[PDB]
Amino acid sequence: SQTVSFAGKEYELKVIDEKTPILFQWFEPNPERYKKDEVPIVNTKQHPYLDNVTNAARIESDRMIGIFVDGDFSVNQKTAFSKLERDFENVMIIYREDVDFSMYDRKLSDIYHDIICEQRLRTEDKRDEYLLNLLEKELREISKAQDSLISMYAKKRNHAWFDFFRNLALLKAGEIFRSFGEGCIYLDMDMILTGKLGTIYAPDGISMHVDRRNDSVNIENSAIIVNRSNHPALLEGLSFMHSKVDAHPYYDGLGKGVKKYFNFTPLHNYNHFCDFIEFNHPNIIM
């Protein structure tokens, strides 16, 4: 029955039902920062991320709560993570190295070819010789062992490491927990649940957090709702990811794909698109 529209197009509000699992993410650059036997996720008064995750799990007793982690954790840390699963019936630790994301890979060489043709297809003296040389040299230096975009990102230890694999996890969307249903509700660990989510709706089954604090409005990647795996708005984001080797910070492949999917251009109304896309919940403090 029920529809909304944006930029003169109609979209179905689609259900994100009560079995949709919740996913949180923590990627740890420095696992040595924890005491022996503690779970290597920050849990300070300022950033009580682990407590927030467990709080959500206690509140949503009939949903699966996942913790998507990555980093060079010790055996002793793996033990602590395992204890956390044991103390909570509905909590699952998901290590990035155990997930197969290979369906979403692209070869680095393919990416360089594309980047290179495009540079080569430039007017006689608009060509960037400095850039082309560098790109060609970079391409020569790739081994077949290491010729994967995913492998490169998995060795990274910064923010790009986190975002790249968040995007992949949102595509898997529930397949990542391989009871649980097929969408995913992705939340930042600083978000606090104060009650049950219930049934949620989103346009074409996707929504994103909009922060309205400071009397300003900004789309944030901090919470994302998807109703199905491989959502097309996210696959658009995957194309942007596939078109770069080392995307610059704030390239925001994810954001770009979603906006592209709803035809939100730089000339469209930003406030309208925020109202439309927003994930807002009375029982979550975001």
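We number the residues from 1 along the sequence you see.
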Count of coordinate-less deposited residues separating residue 178 and residue 179, as none, 1 to 3, 4 to 9, or 10 or more?
-> 10 or more
Average Cα temperature factor in the PDB entry - higher stretch of 31-39, 250-258 = 31-39
For the stretches 191-199 and 126-134, which has the higher mean C-alpha B-factor as given in the deposited record?
-> 126-134
If you check the C-alpha B-factor for each of 243, 229, 55, 46 in the entry, which is highest?
-> 46
Taking the Cα B-factors listed in the entry, which of 96, 144, 166, 78 comes out highest?
-> 144
Thinking about Cα B factors across the chain, which third does residue 268 belong to?
-> lowest
Residue 156 CA temperature factor, ranked by third within the chain | middle
Split the chain's modelled residues into thirds by Cα B-factor; residue 217 lands in the highest
Ranked by Cα temperature factor within the chain, is residue 207 in the lowest third, the middle third or the highest third?
-> lowest
Chain thirds by Cα B factor, record data; residue 184 belongs to the lowest
